[PDB]
Amino acid sequence: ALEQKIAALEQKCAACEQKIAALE
Amino acid sequence: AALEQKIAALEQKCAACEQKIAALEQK
Amino acid sequence: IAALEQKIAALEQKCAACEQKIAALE
């Protein structure tokens, strides 16, 4: 399913905006 | 449906993800 | 749906090494 593929990316990139912002 | 929206939200969230990581790498 | 399939593939490619590069930078 597509629902499961979206869920996997959602988990994968759960805190990357925050972590990049912290590195910055 | 719900799905299209969850996809759009991800597209927006990680819009600049890769370019900022690269800027961080370069600097 | 055919587009939704394509858009998901697009994000999987975009952020393929994303978490690994962040971890390394940290």
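Atoms considered below: every heavy atom in the structure, side chains included; atoms not considered: hydrogens, waters and symmetry mates. Proteins come first, then strands; the chains are lettered A, B, ... in the order of their sequence lines, and each starts at number 1.
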Query raised in the report: Considering all heavy atoms of both residues, which atom of C:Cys15 and which atom of C:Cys18 are nearest to each other, and what is their separation?
Result: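 In this case the closest contact between C:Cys15 and C:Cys18 is O-CB, 3.3 Å.
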Query - Heavy-atom closest pair, residues C:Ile22 and A:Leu23 - result: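 Nearest pair, atom of C:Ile22 first, then A:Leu23: O-CD1, 4.2 Å.
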Taking 3.5 Å as the threshold, show me the donor-acceptor pairs across chain C and chain A, one per line with distances to 0.1 Å.
unit_1	atom_1	unit_2	atom_2	d
C:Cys15	O	A:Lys12	NZ	2.8
C:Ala16	O	A:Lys12	NZ	3.0
C:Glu26	OE1	A:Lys19	NZ	3.4
C:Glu26	OE2	A:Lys19	NZ	3.0

